[PDB]
Amino acid sequence: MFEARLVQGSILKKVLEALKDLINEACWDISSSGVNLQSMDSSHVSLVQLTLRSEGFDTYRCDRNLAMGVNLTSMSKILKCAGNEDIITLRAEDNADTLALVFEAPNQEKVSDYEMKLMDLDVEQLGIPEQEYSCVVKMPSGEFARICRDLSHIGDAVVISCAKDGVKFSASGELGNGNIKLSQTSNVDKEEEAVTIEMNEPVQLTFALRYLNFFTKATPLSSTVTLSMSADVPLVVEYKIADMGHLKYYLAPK
Amino acid sequence: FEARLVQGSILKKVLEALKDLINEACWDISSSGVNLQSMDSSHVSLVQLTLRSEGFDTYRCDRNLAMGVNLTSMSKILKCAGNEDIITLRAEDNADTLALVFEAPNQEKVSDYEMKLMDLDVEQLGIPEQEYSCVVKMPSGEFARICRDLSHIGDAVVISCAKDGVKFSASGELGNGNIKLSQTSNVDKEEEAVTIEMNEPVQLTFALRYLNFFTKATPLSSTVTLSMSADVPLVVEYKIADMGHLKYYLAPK
Amino acid sequence: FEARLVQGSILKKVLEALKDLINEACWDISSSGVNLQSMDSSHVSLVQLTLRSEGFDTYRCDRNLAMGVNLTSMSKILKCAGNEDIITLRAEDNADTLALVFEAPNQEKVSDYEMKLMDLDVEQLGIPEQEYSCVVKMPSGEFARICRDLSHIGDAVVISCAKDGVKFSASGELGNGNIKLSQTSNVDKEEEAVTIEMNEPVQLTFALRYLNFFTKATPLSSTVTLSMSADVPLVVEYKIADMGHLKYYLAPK
Amino acid sequence: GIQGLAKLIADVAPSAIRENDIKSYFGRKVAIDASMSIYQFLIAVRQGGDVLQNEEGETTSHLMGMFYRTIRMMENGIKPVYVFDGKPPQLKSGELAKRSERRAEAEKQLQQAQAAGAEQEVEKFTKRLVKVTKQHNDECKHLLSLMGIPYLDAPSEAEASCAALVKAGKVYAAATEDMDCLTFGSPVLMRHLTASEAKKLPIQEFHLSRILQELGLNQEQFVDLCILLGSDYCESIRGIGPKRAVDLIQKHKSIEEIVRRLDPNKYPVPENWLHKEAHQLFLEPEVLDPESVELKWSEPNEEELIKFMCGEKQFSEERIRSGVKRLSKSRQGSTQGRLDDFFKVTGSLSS
DNA sequence: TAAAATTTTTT
DNA sequence: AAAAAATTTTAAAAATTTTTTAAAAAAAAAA
DNA sequence: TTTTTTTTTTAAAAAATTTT
């Protein structure tokens, strides 16, 4: 009854590699308009918004709205089976408590049908209302990965004393201090290496950095991170898949 | 005894293959070639390694001599060799050591080694060779991939073979995983040469820990000669190119 | 103190070398250049470091000032930088914190880092400029390979030198290792040239954990200047091509 | 020993206290004041208050602790000799009398500590009731006779024989957490030689040559200073601690000149004070001959080790066998040369 | 047998 | 007012298994 | 042709519990 064929199965491999570390269980809210994932993490700090729309998949159809309970370390261990050029055919049924997966190599003649064991769990819906964020930072994704992975060695907290001329990641700890300042790059002519800065008021927020290290495993999905935050609303770390949707993480400040 | 190779990666990959599975075994170095018929330390699988003297560039083993070698230790001394070396084996009849000379191909880093042997008595007379039902020749890294991700699912592979292809079925607490291959002839292409010569179908269960131990041999050959029959131990044959063959036997459940 | 570096990967490789042997040392920073000369925690090995003023992009130093630096903390701060990164080590008047920026060469990511540091008390040994008897040059990756292979067998290397051959002997419970190295006559390159200044044959025994700690400096150069004589500690000199040297001293067994 | 010698050395001569790591000693034969380690190891080994009581009813905590410490000494290359206390003098026995009445006051506090039923108070006062006997000392002597770690018994005090062992040059350093070995005459002391926390706790190496070169003192004026800092045989005068005793040594340079040219009303001399006897005890103690007994280190036999520590106390087998095996592998290796033997010190920057 | 904490005098 | 004390209180452990992070290192895939 | 991550397989701490 549910069918989702995707030709770029590395996107789903990267999504479950991103969400395998902080999500133990989640509800895969599958509707007719696309694939959603309403999940608040295991330690109950960070909220994850994964949206995969209908136009990203090749063959996508749903009978009803599906919300099945998935152990995502089990789904990560069953999405480690696939290849990078491997296509992925999701499947599910009505009366069966089993999510099916079919991996097919296009240049070969190999098919690997995989079934999953689901469980019953309470469905959480925390709809974050959207607004024009006061701090929109469109920065390279590997640079944000570099910033989180090298500020992890200093302290558990990070402050982002951003400005309209450029963003400034700063952290303080018992080892020392560190201040990464990024100028707003315009003479690159690439729109992927440029740190695009759009604001109306500069802000400065104390953030947990182990959670940003858990956030930055989604870096092979996109070459750009859309950092969106404001004074009190949590930081949106948006990973724009180029033709499928967005993966948003939310981080409450310290 | 003097066995001189020309591709040191072959013997280095044989010792990296047999390091995790066998601790100690008897290298029955005969006049025909270097042979190792071994049985598992967990006493489940069986290894019959044959290295004929055609692939050795110099073979001077006059006496039929066999010694017991720690495979972890000798894999460490083969890890002291480079990725591409010239390995000259050396031993004496009175001396209880196996000398190793890894002549590097720049002809400067001639690295002599010596190694103490731990001799033991292992029964090398019960050998299972008979006619098999279905033989499956299919690429080695693909078999390593199938055994590696079915080890993620569970600890049992159910290999069902037919004429149109071979099916690797696994089940566990995580779920049900069926990897179905297809018979492709694949002329002038050895990247996906999945050939199945099937006579009798069979459906039987194994243990994927020993399949992972078997598929750590995969940098030796580009193909795996899978072979099984009805209530017969499965054979994983790693055909080294004109140098020998490494055969892994696994008794099923 | 302000020392702009033309590429900061050199001093990043210096901190990757020093993070495994020294936890606490002081930097003898003068107007003639950055020096470090400190012993081991196990008090076996000394690391002489020299970086003259002629390799930095700019160098100002008003006073011969030394700060006590946690090498693990400065190694974690030097892990923050890239490989084409430009580093200015900054320390002003009464610097409680040593300041670094890592200016990326596209002028896009300027990353300021100040490092809090402690007061130390490190004994500095007065070393002479001894005319060393057997001075052995070799490739650096070859020497790191030799020490890493011989550390599998035993804890002690026996570095023996003939009139034209260098004999890295080692022994242990695994066996007896013997890596022999001749002198080049047909290669005649800069990286790969095993040349020996020859005075008298030496035969000394060194520990291999400290030589494995020494060969974490192998991406700095392609030159290990093994200078040694009879009952005199071994110089392991990673000569950086523009910026001084990194002399590792090792008292023999 | 002395209430505040190490604070005085840290306030006066910070270069005298070296912070050498535990991995720095290979050929250093090390004198260990043994009974201090036996008391220290009978403090901390506790299962909520009861130490290691086996089926017979006698404690074995100091045996197993000194065992695993000794395997840590050979595994780190430190070559220890364990020297036990002898017959203490009468000036020390006044201090043992005040320790005995302190233990009796701890027992009188222990009465309502066990009447209240608090577990922490009864284990704290049982830690204060730790006292070695003759049979525990003989058990430790027999245990060091097993692994071949050499044993010495001083007639008066082990700290004096440790300091004279350093003075004779037979061992490298004395290693004890009291400061009496600097009073008894050792040029080098190793305070806080413990078998754990190598990164957290450096060894406070007290060099008495640096102390005498920083204070401008000879050995005997340092003995009168250590008398004035409140030793176990002689008290302080009246409220004289570190700085006033430093002021009296730096002016008078003799304890006789101190007791004559001080005021009879300002800091008066206590009655029945025996500074000459404690000075003669520090300079010339009853010390056994260091050349009479050799410092040997032999490989032990494993069967007697298993028969003792698994026969007469019924402990584990695999941990003891692995500790003896790594002791034997650490002892059979060749010696490692130290780099300061080949290169002399030109000084220290000290940041 | 050690260190520090808190109140106490000396200057 | 700092300095310099003398009272009072506290504390003394080594290590395998087991459990999580940091980390080399050959082995994946990169420019 | 050595790197960057990636994955892997040991290893560092860091604790509660023991080593009877």
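Procedures and definitions
Residues numbered from 1 in each chain as written, not as in the entry; some residues may be left out. Chains lettered and ligands numbered in written order. Heavy atoms only, no water. Residues with missing side-chain atoms left out of burial classes, pairs and counts. UniProt positions renumbered as here; feature names shortened; annotations may be inferred. Helix = DSSP H or I, 4+ residues; strand = E, 2+ residues; numbered from the N terminus. Rg over C-alpha atoms; globule rule 2.2 N^0.38 Å. Buried < 20%, exposed > 50% of the residue type's maximum accessible area, 1.4 Å probe, protein only. Contact = heavy atoms within 4.5 Å. Areas by Shrake-Rupley, 256 points an atom, 1.4 Å probe, with all protein chains shown as cover. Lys, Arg positive; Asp, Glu negative; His and termini not counted. Charge placed at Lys NZ, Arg CZ, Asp CG, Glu CD. Buried area = accessible area lost by both parts, 1.4 Å probe. Salt bridge = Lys/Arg side-chain N within 4 Å of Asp/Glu carboxyl O. Polar contact = N/O pair within 3.5 Å; in protein donor to acceptor, adjacent residues only side chain to side chain. Nonpolar A, V, L, I, M, F, W, Y, C, P; charged D, E, K, R; others polar. Pairing = 2+ DSSP bridges. Near = heavy atom within 4 Å. Axes fitted to C-alpha atoms, helices over the stretch in contact; angles between N-to-C directions. Parallel < 35°, antiparallel > 145°, perpendicular 65-115°, else oblique. Left-handed = near helix turned anticlockwise from the far one by under 90°. Core = buried A, V, L, I, M, F, W, Y, C linked by side-chain atoms within 4.5 Å. Least-squares fit on C-alpha atoms. Domains from an automatic or database assignment.

Regarding how it was determined, this PDB entry cites cryo-EM in its header, along with a resolution of 3.78 Å.

As recorded by the PDB entry, chain D carries the name Flap endonuclease 1 and is attributed to Homo sapiens. Recorded in the entry header as its title is "Structure of the human endogenous PCNA-FEN1 complex - State F". UniProt, in the comment section headed Sequence similarities, describes chain D in these words: "Belongs to the XPG/RAD2 endonuclease family. FEN1 subfamily."

For chain A, the name recorded in the PDB entry is Proliferating cell nuclear antigen, with Homo sapiens as its organism. UniProt, in the comment section headed Subcellular location, describes chain A in these words: "Nucleus". UniProt annotates chain A under Sequence similarities with the comment "Belongs to the PCNA family."

*Asks:* Which residues make up the overall build of chain D, and what values go with them?
*Replies:* When its secondary structure is counted, chain D shows 16 helices and 8 strands. Relative to the 2.2 N^0.38 estimate, which gives 20 Å for 351 residues, the radius of gyration of chain D is 22 Å and therefore close to what a compact globule would have. By principal-axis analysis of the C-alpha atoms, chain D measures approximately 65 × 65 × 45 Å. The 351 residues of chain D split such that 48% are buried. Within chain D, contacts between residues at least 6 apart in sequence are counted, and of these 71% link residues at least 24 apart. Total accessible area on chain D stands at roughly 17400 Å², and carbon and sulfur atoms take up 48% of it. A gap of 4 Å separates the mean positions of the 48 positive and 52 negative side-chain charges of chain D.

*Asks:* Can you tell me about the interface of chain D and chain C, naming the residues and giving the values?
*Replies:* Note: interface size is frequently given as the accessible area lost on complex formation between the parts. Each partner contributes residues to the interface: chain D has 25 residues there, and chain C has 29 residues. Between chain D and chain C lies a buried interface of about 2400 Å² when both sides are counted; carbon and sulfur atoms form 58% of it. Across the contact surface, chain D and chain C share 2 salt bridges. At the boundary of chain D and chain C, one finds 10 residue pairs in polar contact. Looking at the side of chain D that touches chain C, the elements that each hand over two or more residues are α16 (339-342) and β8 (344-348) of chain D. For the side of chain D that touches chain C, a count of residues per class yields 7 nonpolar, 12 polar and 6 charged. In terms of strand pairing, strand β11 (residues 123-126) of chain C meets β8(D) through 4 bridges, oriented antiparallel. Pairing of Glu123(C) across the sheet is with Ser348(D), part of β8(D).

*Asks:* Give a description of the pattern of salt bridges that names residues and reports values.
*Replies:* Summed over the entire model, instances satisfying the criterion amount to 36 salt bridges over all chains. Where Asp112(C) meets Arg90(C), a salt bridge forms, and the shortest distance between an N and an O atom there is 2.8 Å. In this pair, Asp112(C) sits in strand β10 (residues 109-116) while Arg90(C) sits in strand β8 (residues 86-90), placing the two residues 22 residues apart along the sequence. Since its relative accessible area comes to 28%, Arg90(C) is described here as partly exposed. Put simply, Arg28(D) and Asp340(D) hold a salt bridge, and the shortest N to O gap is 3.9 Å. Residue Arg28(D) is found in the loop between β1 (17-18) and β2 (29-33), and its partner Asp340(D) is found in helix α16; the two are separated by 312 residues along the sequence. Overlapping salt bridges, with partners in common, bring together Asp62(C), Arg63(C) and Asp93(C) in one network.

*Asks:* Which residues make up the protein's contact with DNA strand E, and what values go with them?
*Replies:* All names here are of chain D. Around DNA strand E, a shell composed of 16 residues is seen, among which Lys-7, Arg-99, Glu-159, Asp-180 and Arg-191 lie nearest. Among the atoms of DNA strand E lying within 4 Å of the protein, the sugar-phosphate backbone contributes 96%. Separating a phosphate oxygen of DNA strand E from a side-chain N or O atom of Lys-7 is a distance of 2.6 Å. Within the side chain of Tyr-267, an N or O atom sits 3.3 Å from a phosphate oxygen of DNA strand E. Contributing elements (two or more residues each) for the surface near DNA strand E: α1 (5-12) and α4 (90-116). Here the surface near DNA strand E takes 3 residues from α4, the largest share from any one element. Here the surface near DNA strand E is composed, by residue class, of 4 nonpolar, 1 polar and 11 charged.

*Asks:* Lay out the sheet that holds strand β12 (residues 134-138) of chain C in plain terms, naming residues and giving numbers.
*Replies:* All names here are of chain C. Within the open sheet, the 8 strands sit side by side as β3-β4-β5-β20-β19-β18-β12-β16. Their pairing is antiparallel. One side of each edge strand has no neighbouring strand; the edge strands of this open sheet are β3 (28-29) and β16 (195-197). Bridge count for strand β4 (residues 33-38) against strand β5 (residues 45-52) is 6 bridges, and the pairing is antiparallel. Paired with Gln-37 across the two strands is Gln-48, which belongs to β5. Helix α1 (residues 9-18) rests against β4, β5 and β20 (245-250) of the sheet, and its axis sits at about 170° to β5.

*Asks:* Could you give me a rundown of the sheet that holds strand β18 (residues 245-251) of chain A, with the residues and numbers involved?
*Replies:* All names here are of chain A. Pairing is antiparallel across the open sheet formed by 9 strands, whose spatial order is β6-β2-β3-β4-β18-β17-β16-β10-β14. On the outer flanks of this sheet lie β6 (66-71) and β14 (196-199), each paired with one strand and no other. Here the strands of the sheet are splayed against their neighbours by 15° on average, with no regard to which way each runs. In this sheet, β18 lies alongside strand β4 (residues 47-53) in antiparallel orientation, the contact comprising 6 bridges. The partner of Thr-51 across the bridge, within β18, is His-246. Its contacts with the sheet place helix α1 (residues 9-19) against β2 (25-31), β3 (34-40), β4, β17 (235-241) and β18, and it is angled at close to 5° to β18.

*Asks:* Kindly report on the packing of α1(C) against helix α2 (residues 71-78) of chain C, identifying the contributing residues and their values.
*Replies:* Two measures define how a pair of helices packs: the angle their axes make with one another and the distance between the axes. Residue and element names in this part refer to chain C. Two elements in contact, α1 and α2, have axes whose closest approach is 9 Å; the angle formed by their N-to-C orientations is 140°. On the basis of the axis angle, α1 is oblique to α2. Helix-helix and strand crossings are classified by hand; for α1 and α2 the assignment is left-handed. Taken together, the residues of α2 that come into contact with α1 (itself represented by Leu-11, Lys-12, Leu-15, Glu-16 and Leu-18) are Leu-71, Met-74, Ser-75 and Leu-78.

*Asks:* Can you explain the nonpolar core? Please cite residues and give values.
*Replies:* Within the largest apolar cluster, 243 residues are counted, with the highest numbers of intra-cluster contacts made by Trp28(A), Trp27(B), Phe168(B), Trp27(C) and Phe168(C). The contacts of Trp27(C), once residues within four sequence positions are left out, are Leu15(C), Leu18(C), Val34(C), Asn35(C), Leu36(C), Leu49(C), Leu65(C), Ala66(C), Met67(C), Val69(C), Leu71(C) and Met74(C). Counting 92 residues, the second largest nonpolar core, distinct from the first, contains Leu152(D), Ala163(D), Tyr233(D) and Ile320(D).

*Asks:* Tell me about the relation of the copies chain B and chain C, residues and numbers included.
*Replies:* If you rotate chain B by 120° and push it 0.4 Å along the axis, it lands on chain C with an RMSD of 1.1 Å. Such a combination of turn and shift is consistent with a three-fold rotation axis. Residue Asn83(B), judged by its C-alpha, is the member of chain B lying nearest the rotation axis, at 15 Å.

*Asks:* Before we move on, could you go through the packing of helix α9 (residues 208-215) of chain D against helix α10 (residues 219-228) of chain D and cite the residues and values that matter?
*Replies:* Residue and element names in this part refer to chain D. Packing of α9 against α10 brings their axes to within 10 Å, and their N-to-C directions diverge by 90°. The orientation of α9 with respect to α10, classified from their angle, is roughly perpendicular. Here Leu-208, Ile-211, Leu-212 and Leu-215 of α9 lie close against α10, whose contacting residues are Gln-219, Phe-222 and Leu-225.

*Asks:* Give a detailed account of the domain arrangement of chain D, specifying residues and quantitative values.
*Replies:* All names here are of chain D. Along its sequence, chain D is organised into domain 1 (14-215) and domain 2 (217-282). Between the C-alpha centres of domain 1 and domain 2 the distance comes to 28 Å. With 15 residues of domain 1 at the contact, the number on the domain 2 side is 14 residues. Sorting the residues of domain 1 by area buried against domain 2 places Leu-91, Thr-183 and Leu-215 first, and these three jointly supply 41% of that buried surface. Taken together, the connections running from domain 1 to domain 2 amount to 0 salt bridges.

*Asks:* Account for the protein's contact with DNA strand F, naming residues and giving values.
*Replies:* Residues and elements named next belong to chain D. The full set close to DNA strand F counts 28 residues, and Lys-124, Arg-128, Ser-196, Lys-243 and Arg-244 are the nearest of them. The sugar-phosphate share of atoms of DNA strand F within 4 Å of the protein amounts to 74%. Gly-241 is positioned such that a nitrogen or oxygen atom in its backbone is 3.3 Å from a phosphate oxygen of DNA strand F. The side chain of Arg-244 places a nitrogen or oxygen atom 2.7 Å from a sugar or linking oxygen of DNA strand F. Mapped onto the surface near DNA strand F, the elements with two or more residues apiece are α2 (34-44), α3 (61-75), α5 (119-128), α11 (242-252) and α15 (318-332). If one sorts the elements of the surface near DNA strand F by residue count, α2 sits on top with 4 residues.

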